[PDB]
file query15.txt (compact mmCIF, N, CA, C and O atoms and all ligand atoms)
# COMPACT_ATOMS: atom_id res chain seq x y z
N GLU F 6 42.50 -62.35 -0.98
CA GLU F 6 43.67 -61.73 -1.58
C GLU F 6 43.49 -61.59 -3.08
O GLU F 6 43.66 -60.51 -3.64
N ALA F 7 43.11 -62.70 -3.74
CA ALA F 7 43.00 -62.70 -5.19
C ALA F 7 41.92 -61.75 -5.67
O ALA F 7 42.12 -60.98 -6.61
N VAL F 8 40.75 -61.79 -5.03
CA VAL F 8 39.65 -60.90 -5.41
C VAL F 8 40.06 -59.44 -5.23
O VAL F 8 39.82 -58.59 -6.10
N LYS F 9 40.68 -59.13 -4.09
CA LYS F 9 41.10 -57.76 -3.84
C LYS F 9 42.10 -57.29 -4.88
O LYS F 9 41.98 -56.18 -5.41
N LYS F 10 43.08 -58.14 -5.22
CA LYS F 10 44.07 -57.76 -6.23
C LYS F 10 43.42 -57.52 -7.59
O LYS F 10 43.79 -56.59 -8.31
N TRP F 11 42.42 -58.34 -7.94
CA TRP F 11 41.72 -58.19 -9.21
C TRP F 11 40.95 -56.87 -9.28
O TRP F 11 41.05 -56.11 -10.27
N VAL F 12 40.19 -56.56 -8.22
CA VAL F 12 39.49 -55.28 -8.15
C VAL F 12 40.48 -54.12 -8.21
O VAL F 12 40.27 -53.13 -8.93
N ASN F 13 41.57 -54.21 -7.44
CA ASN F 13 42.58 -53.16 -7.44
C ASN F 13 43.13 -52.93 -8.84
O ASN F 13 43.35 -51.79 -9.24
N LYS F 14 43.39 -54.01 -9.59
CA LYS F 14 43.97 -53.83 -10.92
C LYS F 14 43.00 -53.10 -11.83
O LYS F 14 43.41 -52.24 -12.62
N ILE F 15 41.71 -53.40 -11.71
CA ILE F 15 40.73 -52.67 -12.51
C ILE F 15 40.75 -51.17 -12.15
O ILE F 15 40.72 -50.31 -13.04
N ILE F 16 40.81 -50.85 -10.86
CA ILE F 16 40.77 -49.45 -10.44
C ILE F 16 42.06 -48.73 -10.84
O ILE F 16 42.04 -47.56 -11.26
N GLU F 17 43.20 -49.41 -10.72
CA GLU F 17 44.48 -48.75 -10.90
C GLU F 17 44.91 -48.67 -12.35
O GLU F 17 45.64 -47.75 -12.72
N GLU F 18 44.44 -49.58 -13.21
CA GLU F 18 44.92 -49.57 -14.59
C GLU F 18 44.00 -48.79 -15.52
O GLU F 18 44.34 -48.59 -16.69
N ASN F 19 42.86 -48.31 -15.02
CA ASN F 19 41.93 -47.52 -15.81
C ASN F 19 41.62 -46.23 -15.08
O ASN F 19 41.22 -46.27 -13.91
N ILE F 20 41.77 -45.09 -15.75
CA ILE F 20 41.49 -43.83 -15.08
C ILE F 20 40.05 -43.79 -14.58
O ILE F 20 39.79 -43.42 -13.43
N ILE F 21 39.10 -44.19 -15.42
CA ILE F 21 37.69 -44.28 -15.06
C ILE F 21 37.34 -45.75 -14.92
O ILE F 21 37.40 -46.50 -15.90
N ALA F 22 36.97 -46.17 -13.71
CA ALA F 22 36.60 -47.56 -13.47
C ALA F 22 35.18 -47.61 -12.91
O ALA F 22 34.89 -46.96 -11.91
N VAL F 23 34.32 -48.40 -13.56
CA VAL F 23 32.92 -48.55 -13.14
C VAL F 23 32.62 -50.02 -12.93
O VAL F 23 32.77 -50.82 -13.86
N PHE F 24 32.19 -50.37 -11.73
CA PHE F 24 31.68 -51.70 -11.43
C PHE F 24 30.16 -51.66 -11.53
O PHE F 24 29.51 -50.80 -10.93
N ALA F 25 29.61 -52.59 -12.32
CA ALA F 25 28.20 -52.57 -12.69
C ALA F 25 27.59 -53.95 -12.56
O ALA F 25 28.27 -54.94 -12.26
N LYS F 26 26.28 -54.00 -12.82
CA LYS F 26 25.52 -55.24 -12.83
C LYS F 26 24.72 -55.30 -14.13
O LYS F 26 24.74 -54.37 -14.93
N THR F 27 23.98 -56.39 -14.33
CA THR F 27 23.24 -56.62 -15.56
C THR F 27 21.94 -55.83 -15.57
O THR F 27 21.17 -55.87 -14.59
N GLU F 28 21.66 -55.18 -16.69
CA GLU F 28 20.42 -54.43 -16.90
C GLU F 28 19.98 -53.58 -15.72
O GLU F 28 18.92 -53.79 -15.15
N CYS F 29 20.84 -52.65 -15.34
CA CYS F 29 20.57 -51.75 -14.23
C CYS F 29 20.54 -50.33 -14.77
O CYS F 29 21.55 -49.85 -15.28
N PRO F 30 19.38 -49.66 -14.69
CA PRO F 30 19.25 -48.32 -15.28
C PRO F 30 20.21 -47.29 -14.68
O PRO F 30 20.61 -46.37 -15.39
N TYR F 31 20.57 -47.42 -13.40
CA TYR F 31 21.50 -46.46 -12.82
C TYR F 31 22.94 -46.74 -13.25
O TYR F 31 23.71 -45.80 -13.46
N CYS F 32 23.28 -48.01 -13.46
CA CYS F 32 24.56 -48.34 -14.08
C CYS F 32 24.63 -47.74 -15.48
O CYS F 32 25.61 -47.06 -15.85
N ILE F 33 23.57 -47.96 -16.27
CA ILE F 33 23.51 -47.49 -17.65
C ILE F 33 23.57 -45.96 -17.70
O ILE F 33 24.30 -45.38 -18.50
N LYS F 34 22.80 -45.30 -16.83
CA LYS F 34 22.82 -43.84 -16.81
C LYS F 34 24.21 -43.30 -16.46
O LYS F 34 24.70 -42.38 -17.12
N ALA F 35 24.85 -43.87 -15.43
CA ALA F 35 26.16 -43.37 -15.04
C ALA F 35 27.18 -43.55 -16.17
O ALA F 35 27.94 -42.62 -16.48
N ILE F 36 27.18 -44.73 -16.80
CA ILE F 36 28.12 -44.99 -17.89
C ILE F 36 27.86 -44.05 -19.05
O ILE F 36 28.80 -43.56 -19.70
N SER F 37 26.58 -43.77 -19.33
CA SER F 37 26.24 -42.87 -20.43
C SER F 37 26.70 -41.44 -20.14
O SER F 37 27.21 -40.76 -21.03
N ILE F 38 26.54 -40.99 -18.89
CA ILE F 38 27.04 -39.66 -18.52
C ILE F 38 28.55 -39.60 -18.73
O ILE F 38 29.07 -38.65 -19.31
N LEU F 39 29.26 -40.65 -18.30
CA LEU F 39 30.71 -40.64 -18.46
C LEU F 39 31.12 -40.66 -19.93
O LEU F 39 32.02 -39.92 -20.35
N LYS F 40 30.44 -41.47 -20.75
CA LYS F 40 30.77 -41.49 -22.17
C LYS F 40 30.42 -40.17 -22.85
O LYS F 40 31.02 -39.84 -23.88
N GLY F 41 29.46 -39.43 -22.29
CA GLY F 41 29.14 -38.11 -22.81
C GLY F 41 30.25 -37.09 -22.64
O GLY F 41 30.25 -36.06 -23.31
N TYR F 42 31.21 -37.36 -21.76
CA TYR F 42 32.44 -36.58 -21.70
C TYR F 42 33.53 -37.15 -22.60
O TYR F 42 34.69 -36.75 -22.48
N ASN F 43 33.17 -38.07 -23.51
CA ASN F 43 34.13 -38.69 -24.43
C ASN F 43 35.27 -39.39 -23.67
O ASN F 43 36.44 -39.32 -24.05
N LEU F 44 34.91 -40.08 -22.59
CA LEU F 44 35.86 -40.76 -21.72
C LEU F 44 36.08 -42.22 -22.11
O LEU F 44 36.84 -42.91 -21.43
N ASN F 45 35.46 -42.67 -23.21
CA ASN F 45 35.47 -44.09 -23.56
C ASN F 45 36.88 -44.68 -23.55
O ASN F 45 37.09 -45.80 -23.06
N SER F 46 37.86 -43.94 -24.07
CA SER F 46 39.20 -44.49 -24.24
C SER F 46 39.92 -44.73 -22.91
O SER F 46 40.92 -45.45 -22.89
N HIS F 47 39.44 -44.14 -21.82
CA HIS F 47 40.05 -44.32 -20.51
C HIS F 47 39.07 -44.88 -19.49
O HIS F 47 39.25 -44.69 -18.28
N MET F 48 38.03 -45.56 -19.96
CA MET F 48 36.98 -46.13 -19.13
C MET F 48 37.02 -47.64 -19.22
O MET F 48 37.20 -48.20 -20.31
N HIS F 49 36.81 -48.31 -18.09
CA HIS F 49 36.58 -49.74 -18.09
C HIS F 49 35.33 -50.00 -17.26
O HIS F 49 35.22 -49.50 -16.14
N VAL F 50 34.39 -50.76 -17.82
CA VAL F 50 33.19 -51.18 -17.11
C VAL F 50 33.29 -52.67 -16.86
O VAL F 50 33.46 -53.46 -17.80
N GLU F 51 33.15 -53.06 -15.60
CA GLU F 51 33.19 -54.47 -15.20
C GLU F 51 31.83 -54.88 -14.68
O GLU F 51 31.36 -54.32 -13.68
N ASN F 52 31.20 -55.85 -15.34
CA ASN F 52 29.93 -56.41 -14.86
C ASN F 52 30.25 -57.46 -13.81
O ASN F 52 30.62 -58.60 -14.14
N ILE F 53 30.08 -57.10 -12.53
CA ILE F 53 30.41 -58.01 -11.43
C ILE F 53 29.27 -58.95 -11.09
O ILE F 53 29.48 -59.88 -10.29
N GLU F 54 28.09 -58.76 -11.67
CA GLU F 54 27.04 -59.75 -11.49
C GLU F 54 27.35 -61.01 -12.29
O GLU F 54 27.09 -62.13 -11.83
N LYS F 55 27.94 -60.85 -13.48
CA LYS F 55 28.40 -61.98 -14.28
C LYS F 55 29.81 -62.36 -13.83
O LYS F 55 30.80 -62.17 -14.52
N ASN F 56 29.86 -62.89 -12.62
CA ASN F 56 31.12 -63.19 -11.95
C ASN F 56 30.81 -64.14 -10.80
O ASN F 56 29.85 -63.91 -10.05
N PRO F 57 31.58 -65.22 -10.62
CA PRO F 57 31.28 -66.15 -9.52
C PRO F 57 31.53 -65.55 -8.16
O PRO F 57 31.03 -66.08 -7.15
N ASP F 58 32.29 -64.46 -8.08
CA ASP F 58 32.70 -63.89 -6.81
C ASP F 58 32.03 -62.54 -6.55
O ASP F 58 32.61 -61.67 -5.91
N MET F 59 30.79 -62.39 -7.04
CA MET F 59 30.09 -61.11 -6.90
C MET F 59 30.06 -60.61 -5.46
O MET F 59 30.33 -59.44 -5.19
N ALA F 60 29.69 -61.49 -4.51
CA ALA F 60 29.56 -61.04 -3.13
C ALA F 60 30.90 -60.59 -2.56
O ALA F 60 30.96 -59.59 -1.84
N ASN F 61 31.98 -61.32 -2.87
CA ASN F 61 33.31 -60.91 -2.42
C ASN F 61 33.67 -59.54 -2.99
O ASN F 61 34.20 -58.68 -2.27
N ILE F 62 33.39 -59.33 -4.28
CA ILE F 62 33.70 -58.06 -4.92
C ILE F 62 32.91 -56.93 -4.27
O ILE F 62 33.45 -55.87 -3.97
N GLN F 63 31.61 -57.16 -4.04
CA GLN F 63 30.76 -56.14 -3.42
C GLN F 63 31.22 -55.82 -2.00
O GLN F 63 31.23 -54.65 -1.60
N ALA F 64 31.59 -56.84 -1.22
CA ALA F 64 32.10 -56.60 0.12
C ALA F 64 33.36 -55.75 0.08
O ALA F 64 33.51 -54.81 0.87
N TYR F 65 34.27 -56.05 -0.86
CA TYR F 65 35.48 -55.24 -0.98
C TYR F 65 35.15 -53.81 -1.41
O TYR F 65 35.75 -52.84 -0.91
N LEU F 66 34.22 -53.64 -2.35
CA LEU F 66 33.82 -52.30 -2.75
C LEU F 66 33.24 -51.53 -1.57
O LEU F 66 33.47 -50.33 -1.44
N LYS F 67 32.52 -52.22 -0.68
CA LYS F 67 32.02 -51.56 0.51
C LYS F 67 33.16 -51.19 1.46
O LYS F 67 33.13 -50.12 2.09
N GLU F 68 34.18 -52.05 1.58
CA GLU F 68 35.35 -51.70 2.38
C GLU F 68 36.04 -50.45 1.83
O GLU F 68 36.54 -49.62 2.61
N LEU F 69 36.04 -50.29 0.51
CA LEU F 69 36.73 -49.17 -0.12
C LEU F 69 35.90 -47.89 -0.13
O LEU F 69 36.48 -46.79 -0.12
N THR F 70 34.57 -48.00 -0.18
CA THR F 70 33.72 -46.85 -0.48
C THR F 70 32.59 -46.62 0.51
O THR F 70 31.96 -45.55 0.44
N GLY F 71 32.28 -47.58 1.38
CA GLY F 71 31.15 -47.47 2.29
C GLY F 71 29.85 -48.06 1.78
O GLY F 71 28.90 -48.18 2.57
N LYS F 72 29.77 -48.44 0.51
CA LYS F 72 28.57 -49.04 -0.05
C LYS F 72 28.93 -50.27 -0.87
O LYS F 72 29.96 -50.30 -1.54
N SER F 73 28.06 -51.28 -0.81
CA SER F 73 28.23 -52.50 -1.58
C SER F 73 27.47 -52.49 -2.90
O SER F 73 27.60 -53.44 -3.69
N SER F 74 26.68 -51.46 -3.17
CA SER F 74 25.80 -51.43 -4.33
C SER F 74 26.57 -51.02 -5.58
O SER F 74 27.59 -50.34 -5.52
N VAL F 75 26.05 -51.43 -6.73
CA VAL F 75 26.58 -50.93 -8.00
C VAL F 75 25.52 -50.03 -8.62
O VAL F 75 24.31 -50.21 -8.37
N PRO F 76 25.92 -49.04 -9.45
CA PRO F 76 27.30 -48.81 -9.89
C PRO F 76 28.21 -48.26 -8.79
O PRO F 76 27.77 -47.55 -7.89
N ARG F 77 29.50 -48.59 -8.89
CA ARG F 77 30.55 -48.10 -7.99
C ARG F 77 31.55 -47.47 -8.97
O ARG F 77 32.03 -48.15 -9.86
N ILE F 78 31.88 -46.20 -8.76
CA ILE F 78 32.61 -45.39 -9.73
C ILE F 78 33.85 -44.82 -9.07
O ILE F 78 33.75 -44.14 -8.03
N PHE F 79 35.02 -45.07 -9.69
CA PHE F 79 36.31 -44.52 -9.29
C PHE F 79 36.88 -43.70 -10.44
O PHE F 79 36.78 -44.09 -11.60
N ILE F 80 37.49 -42.56 -10.11
CA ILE F 80 38.17 -41.73 -11.10
C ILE F 80 39.57 -41.44 -10.58
O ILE F 80 39.74 -40.80 -9.53
N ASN F 81 40.59 -41.93 -11.30
CA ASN F 81 41.99 -41.84 -10.90
C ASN F 81 42.18 -42.34 -9.47
O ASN F 81 42.90 -41.73 -8.67
N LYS F 82 41.52 -43.46 -9.16
CA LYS F 82 41.54 -44.17 -7.88
C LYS F 82 40.76 -43.45 -6.78
O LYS F 82 40.60 -43.99 -5.68
N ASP F 83 40.26 -42.24 -7.05
CA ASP F 83 39.41 -41.53 -6.10
C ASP F 83 37.99 -42.07 -6.16
O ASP F 83 37.47 -42.37 -7.23
N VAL F 84 37.35 -42.16 -5.00
CA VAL F 84 35.98 -42.68 -4.94
C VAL F 84 35.00 -41.58 -5.35
O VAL F 84 34.90 -40.54 -4.69
N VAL F 85 34.28 -41.81 -6.45
CA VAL F 85 33.15 -40.94 -6.77
C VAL F 85 31.90 -41.43 -6.08
O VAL F 85 31.21 -40.67 -5.40
N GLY F 86 31.62 -42.73 -6.22
CA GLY F 86 30.48 -43.31 -5.55
C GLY F 86 29.51 -43.96 -6.52
O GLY F 86 29.92 -44.70 -7.42
N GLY F 87 28.22 -43.68 -6.37
CA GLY F 87 27.21 -44.23 -7.24
C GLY F 87 26.74 -43.24 -8.29
O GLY F 87 27.31 -42.16 -8.47
N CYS F 88 25.68 -43.61 -8.99
CA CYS F 88 25.15 -42.74 -10.03
C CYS F 88 24.65 -41.42 -9.44
O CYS F 88 24.82 -40.36 -10.05
N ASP F 89 24.00 -41.47 -8.27
CA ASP F 89 23.51 -40.23 -7.65
C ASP F 89 24.66 -39.30 -7.32
O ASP F 89 24.56 -38.07 -7.50
N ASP F 90 25.75 -39.85 -6.78
CA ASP F 90 26.94 -39.05 -6.52
C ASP F 90 27.48 -38.44 -7.81
O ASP F 90 27.91 -37.27 -7.82
N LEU F 91 27.47 -39.21 -8.89
CA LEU F 91 27.95 -38.72 -10.17
C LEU F 91 27.07 -37.59 -10.68
O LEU F 91 27.58 -36.59 -11.19
N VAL F 92 25.75 -37.73 -10.53
CA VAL F 92 24.83 -36.69 -10.97
C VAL F 92 25.07 -35.40 -10.19
O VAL F 92 25.08 -34.30 -10.76
N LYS F 93 25.25 -35.51 -8.87
CA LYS F 93 25.56 -34.33 -8.07
C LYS F 93 26.85 -33.66 -8.55
O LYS F 93 26.89 -32.43 -8.76
N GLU F 94 27.92 -34.45 -8.71
CA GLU F 94 29.20 -33.88 -9.14
C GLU F 94 29.08 -33.24 -10.51
O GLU F 94 29.66 -32.18 -10.78
N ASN F 95 28.33 -33.88 -11.40
CA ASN F 95 28.17 -33.39 -12.76
C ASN F 95 27.41 -32.07 -12.77
O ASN F 95 27.84 -31.10 -13.40
N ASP F 96 26.28 -32.02 -12.06
CA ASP F 96 25.48 -30.81 -12.04
C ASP F 96 26.19 -29.66 -11.35
O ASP F 96 25.92 -28.50 -11.67
N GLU F 97 27.09 -29.95 -10.41
CA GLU F 97 27.69 -28.90 -9.60
C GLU F 97 29.10 -28.55 -10.06
O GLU F 97 29.77 -27.74 -9.41
N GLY F 98 29.53 -29.09 -11.20
CA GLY F 98 30.79 -28.70 -11.80
C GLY F 98 32.00 -29.46 -11.31
O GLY F 98 33.10 -29.23 -11.83
N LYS F 99 31.82 -30.32 -10.31
CA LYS F 99 32.93 -31.08 -9.75
C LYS F 99 33.48 -32.15 -10.69
O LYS F 99 34.68 -32.37 -10.75
N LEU F 100 32.59 -32.82 -11.41
CA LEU F 100 33.03 -33.85 -12.35
C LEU F 100 33.93 -33.25 -13.42
O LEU F 100 35.01 -33.78 -13.71
N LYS F 101 33.51 -32.13 -14.00
CA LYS F 101 34.32 -31.48 -15.03
C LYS F 101 35.68 -31.09 -14.49
O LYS F 101 36.69 -31.22 -15.19
N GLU F 102 35.71 -30.62 -13.24
CA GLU F 102 36.96 -30.22 -12.58
C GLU F 102 37.90 -31.42 -12.48
O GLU F 102 39.08 -31.31 -12.81
N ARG F 103 37.39 -32.54 -11.97
CA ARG F 103 38.17 -33.79 -11.91
C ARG F 103 38.79 -34.10 -13.26
O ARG F 103 40.01 -34.35 -13.39
N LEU F 104 37.95 -34.11 -14.29
CA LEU F 104 38.40 -34.54 -15.60
C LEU F 104 39.40 -33.56 -16.19
O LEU F 104 40.34 -33.97 -16.88
N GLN F 105 39.21 -32.26 -15.94
CA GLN F 105 40.17 -31.26 -16.39
C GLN F 105 41.54 -31.52 -15.78
O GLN F 105 42.56 -31.42 -16.48
N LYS F 106 41.57 -31.87 -14.51
CA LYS F 106 42.82 -32.15 -13.81
C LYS F 106 43.52 -33.37 -14.40
O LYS F 106 44.73 -33.52 -14.26
N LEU F 107 42.75 -34.25 -15.02
CA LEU F 107 43.33 -35.44 -15.64
C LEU F 107 43.65 -35.25 -17.13
O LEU F 107 44.11 -36.20 -17.77
N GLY F 108 43.44 -34.06 -17.68
CA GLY F 108 43.63 -33.84 -19.10
C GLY F 108 42.61 -34.53 -19.97
O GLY F 108 42.85 -34.70 -21.17
N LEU F 109 41.48 -34.92 -19.41
CA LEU F 109 40.46 -35.65 -20.15
C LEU F 109 39.43 -34.75 -20.80
O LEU F 109 38.74 -35.19 -21.72
N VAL F 110 39.30 -33.51 -20.34
CA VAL F 110 38.44 -32.52 -20.98
C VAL F 110 39.19 -31.19 -21.01
O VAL F 110 39.92 -30.86 -20.08
N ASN F 111 39.02 -30.45 -22.09
CA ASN F 111 39.71 -29.17 -22.24
C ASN F 111 38.89 -28.06 -21.59
O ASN F 111 39.09 -27.73 -20.42
HG HG R 1 21.16 -40.84 -10.54
call {"tool": "encode", "arguments": {"input": "query15.txt", "output": "structure tokens"}}
result
Amino acid sequence: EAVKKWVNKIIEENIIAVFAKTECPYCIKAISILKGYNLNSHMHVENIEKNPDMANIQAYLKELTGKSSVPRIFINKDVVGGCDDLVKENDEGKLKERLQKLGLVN
């Protein structure tokens, strides 16, 4: 219950929520792509490897998204997925569309 509520609060209180691990190039790449849209002010990155409940958090992320791996990326509570999903959305114009709908890019 407590772990789920904690994860939920991160997803619900930040428009852009990224769950990450320590020194992971795909975490770093995804976060850099998002900051390249000047999303810093509405982004929260949570390092779940530096957490005693990493496995619980990952299991819940898999319940929510189908995958336990990080990075795990949510935008306005919608599941984006991992860095590869973000790259696809970015290259194909979907990411910009999402952000436009949120007033985050003009
Ligand atoms: Hg990627």
call {"tool": "residues_around", "arguments": {"input": "query15.txt", "residues": "region 89-106 of chain F", "least_positions_apart": "3", "cutoff": "8 Å", "atoms": "all atoms listed in the file", "output": "MDAnalysis selection string"}}
result
chainID F and resid 31 35 38 76 80:81 85:86 109:111
call {"tool": "residues_around", "arguments": {"input": "query15.txt", "residues": "residue 13 (chain F)", "least_positions_apart": "2", "cutoff": "12 Å", "atoms": "only C-alpha atoms", "output": "ChimeraX atom specification"}}
result
/F:6-11,15-19,22,24,62,65-66,69,79,81-82
call {"tool": "write_last_selection", "arguments": {"input": "query15.txt", "atoms": "N, CA, C and O atoms", "output": "tab-separated table (two decimals), in the frame of the given file"}}
result
chain	number	residue	atom	x	y	z
F	6	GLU	N	42.50	-62.35	-0.98
F	6	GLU	CA	43.67	-61.73	-1.58
F	6	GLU	C	43.49	-61.59	-3.08
F	6	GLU	O	43.66	-60.51	-3.64
F	7	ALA	N	43.11	-62.70	-3.74
F	7	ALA	CA	43.00	-62.70	-5.19
F	7	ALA	C	41.92	-61.75	-5.67
F	7	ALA	O	42.12	-60.98	-6.61
F	8	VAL	N	40.75	-61.79	-5.03
F	8	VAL	CA	39.65	-60.90	-5.41
F	8	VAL	C	40.06	-59.44	-5.23
F	8	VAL	O	39.82	-58.59	-6.10
F	9	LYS	N	40.68	-59.13	-4.09
F	9	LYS	CA	41.10	-57.76	-3.84
F	9	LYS	C	42.10	-57.29	-4.88
F	9	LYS	O	41.98	-56.18	-5.41
F	10	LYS	N	43.08	-58.14	-5.22
F	10	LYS	CA	44.07	-57.76	-6.23
F	10	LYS	C	43.42	-57.52	-7.59
F	10	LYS	O	43.79	-56.59	-8.31
F	11	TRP	N	42.42	-58.34	-7.94
F	11	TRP	CA	41.72	-58.19	-9.21
F	11	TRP	C	40.95	-56.87	-9.28
F	11	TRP	O	41.05	-56.11	-10.27
F	15	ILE	N	41.71	-53.40	-11.71
F	15	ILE	CA	40.73	-52.67	-12.51
F	15	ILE	C	40.75	-51.17	-12.15
F	15	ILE	O	40.72	-50.31	-13.04
F	16	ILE	N	40.81	-50.85	-10.86
F	16	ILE	CA	40.77	-49.45	-10.44
F	16	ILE	C	42.06	-48.73	-10.84
F	16	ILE	O	42.04	-47.56	-11.26
F	17	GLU	N	43.20	-49.41	-10.72
F	17	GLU	CA	44.48	-48.75	-10.90
F	17	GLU	C	44.91	-48.67	-12.35
F	17	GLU	O	45.64	-47.75	-12.72
F	18	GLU	N	44.44	-49.58	-13.21
F	18	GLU	CA	44.92	-49.57	-14.59
F	18	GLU	C	44.00	-48.79	-15.52
F	18	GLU	O	44.34	-48.59	-16.69
F	19	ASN	N	42.86	-48.31	-15.02
F	19	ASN	CA	41.93	-47.52	-15.81
F	19	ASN	C	41.62	-46.23	-15.08
F	19	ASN	O	41.22	-46.27	-13.91
F	22	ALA	N	36.97	-46.17	-13.71
F	22	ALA	CA	36.60	-47.56	-13.47
F	22	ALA	C	35.18	-47.61	-12.91
F	22	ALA	O	34.89	-46.96	-11.91
F	24	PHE	N	32.19	-50.37	-11.73
F	24	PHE	CA	31.68	-51.70	-11.43
F	24	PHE	C	30.16	-51.66	-11.53
F	24	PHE	O	29.51	-50.80	-10.93
F	62	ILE	N	33.39	-59.33	-4.28
F	62	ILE	CA	33.70	-58.06	-4.92
F	62	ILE	C	32.91	-56.93	-4.27
F	62	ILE	O	33.45	-55.87	-3.97
F	65	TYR	N	34.27	-56.05	-0.86
F	65	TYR	CA	35.48	-55.24	-0.98
F	65	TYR	C	35.15	-53.81	-1.41
F	65	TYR	O	35.75	-52.84	-0.91
F	66	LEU	N	34.22	-53.64	-2.35
F	66	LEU	CA	33.82	-52.30	-2.75
F	66	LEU	C	33.24	-51.53	-1.57
F	66	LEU	O	33.47	-50.33	-1.44
F	69	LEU	N	36.04	-50.29	0.51
F	69	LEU	CA	36.73	-49.17	-0.12
F	69	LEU	C	35.90	-47.89	-0.13
F	69	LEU	O	36.48	-46.79	-0.12
F	79	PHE	N	35.02	-45.07	-9.69
F	79	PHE	CA	36.31	-44.52	-9.29
F	79	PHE	C	36.88	-43.70	-10.44
F	79	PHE	O	36.78	-44.09	-11.60
F	81	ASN	N	40.59	-41.93	-11.30
F	81	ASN	CA	41.99	-41.84	-10.90
F	81	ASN	C	42.18	-42.34	-9.47
F	81	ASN	O	42.90	-41.73	-8.67
F	82	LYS	N	41.52	-43.46	-9.16
F	82	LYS	CA	41.54	-44.17	-7.88
F	82	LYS	C	40.76	-43.45	-6.78
F	82	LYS	O	40.60	-43.99	-5.68
call {"tool": "closest_residue", "arguments": {"input": "query15.txt", "among": "F:67, F:108, F:51, F:34", "to": "ligand HG 1 (chain R)", "atoms": "all atoms listed in the file"}}
result
F:34
call {"tool": "residues_around", "arguments": {"input": "query15.txt", "residues": "residue 75 (chain F)", "least_positions_apart": "3", "cutoff": "10 Å", "atoms": "only C-alpha atoms", "output": "ChimeraX atom specification"}}
result
/F:23-26,29,31-32,52-54,63,66,72,78,86-88
call {"tool": "axis_aligned_box", "arguments": {"input": "query15.txt", "around": "region 45-51 of chain F", "padding_each_side": "3 Å", "output": "AutoDock Vina command-line options"}}
result
--center_x 36.1 --center_y -48.8 --center_z -19.0 --size_x 15.6 --size_y 18.2 --size_z 16.6
call {"tool": "atom_distance", "arguments": {"input": "query15.txt", "atom1": "CA of residue 57 (chain F)", "atom2": "CA of residue 44 (chain F)"}}
result
28.5 Å
call {"tool": "atom_distance", "arguments": {"input": "query15.txt", "atom1": "CA of residue 33 (chain F)", "atom2": "atom N of residue 14 (chain F)"}}
result
22.4 Å
call {"tool": "closest_residue", "arguments": {"input": "query15.txt", "among": "F:30, F:21, F:55, F:43", "to": "ligand HG 1 (chain R)", "atoms": "only N, CA, C and O atoms and all ligand atoms"}}
result
F:30
call {"tool": "closest_residue", "arguments": {"input": "query15.txt", "among": "F:37, F:56, F:61, F:70", "to": "ligand HG 1 (chain R)", "atoms": "only C-alpha atoms and all ligand atoms"}}
result
F:37
call {"tool": "select_by_dssp", "arguments": {"input": "query15.txt", "residues": "chain F", "states": "alpha helix (DSSP H)", "output": "PyMOL selection string"}}
result
chain F and resi 7-18+30-41+59-70+88-96+99-106
call {"tool": "atom_distance", "arguments": {"input": "query15.txt", "atom1": "CA of residue 41 (chain F)", "atom2": "atom C of residue 84 (chain F)"}}
result
18.7 Å
call {"tool": "closest_residue", "arguments": {"input": "query15.txt", "among": "F:36, F:12, F:59, F:42", "to": "ligand HG 1 (chain R)", "atoms": "only C-alpha atoms and all ligand atoms"}}
result
F:36
call {"tool": "select_by_dssp", "arguments": {"input": "query15.txt", "residues": "chain F", "states": "strand (DSSP E or B)", "output": "ChimeraX atom specification"}}
result
/F:21-25,48-52,77-80,83-86
call {"tool": "decode", "arguments": {"input": "query15.txt", "residues": "region 52-62 of chain F", "atoms": "N, CA and C atoms", "output": "mmCIF file, in the first residue's frame"}}
result
data_model
loop_
_atom_site.group_PDB
_atom_site.id
_atom_site.type_symbol
_atom_site.label_atom_id
_atom_site.label_comp_id
_atom_site.auth_asym_id
_atom_site.auth_seq_id
_atom_site.Cartn_x
_atom_site.Cartn_y
_atom_site.Cartn_z
ATOM 1 N N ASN F 52 15.321 8.373 -8.644
ATOM 2 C CA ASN F 52 16.267 7.258 -8.727
ATOM 3 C C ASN F 52 15.798 6.161 -7.782
ATOM 4 N N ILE F 53 15.178 5.118 -8.349
ATOM 5 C CA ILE F 53 14.622 4.035 -7.538
ATOM 6 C C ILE F 53 15.649 2.970 -7.199
ATOM 7 N N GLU F 54 16.848 3.031 -7.786
ATOM 8 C CA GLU F 54 17.904 2.125 -7.346
ATOM 9 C C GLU F 54 18.428 2.540 -5.980
ATOM 10 N N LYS F 55 18.503 3.849 -5.727
ATOM 11 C CA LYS F 55 18.875 4.369 -4.414
ATOM 12 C C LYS F 55 17.619 4.455 -3.549
ATOM 13 N N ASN F 56 17.116 3.277 -3.204
ATOM 14 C CA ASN F 56 15.851 3.133 -2.501
ATOM 15 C C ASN F 56 15.801 1.725 -1.924
ATOM 16 N N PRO F 57 15.405 1.556 -0.658
ATOM 17 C CA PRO F 57 15.365 0.202 -0.085
ATOM 18 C C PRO F 57 14.293 -0.666 -0.705
ATOM 19 N N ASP F 58 13.316 -0.067 -1.379
ATOM 20 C CA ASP F 58 12.172 -0.801 -1.897
ATOM 21 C C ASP F 58 12.191 -0.879 -3.418
ATOM 22 N N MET F 59 13.388 -0.934 -4.008
ATOM 23 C CA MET F 59 13.509 -0.946 -5.467
ATOM 24 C C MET F 59 12.653 -2.030 -6.114
ATOM 25 N N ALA F 60 12.730 -3.262 -5.601
ATOM 26 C CA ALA F 60 12.005 -4.358 -6.239
ATOM 27 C C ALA F 60 10.502 -4.140 -6.167
ATOM 28 N N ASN F 61 10.001 -3.649 -5.023
ATOM 29 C CA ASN F 61 8.573 -3.347 -4.907
ATOM 30 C C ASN F 61 8.160 -2.287 -5.914
ATOM 31 N N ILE F 62 8.977 -1.236 -6.046
ATOM 32 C CA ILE F 62 8.678 -0.157 -6.986
ATOM 33 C C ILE F 62 8.655 -0.690 -8.413
#
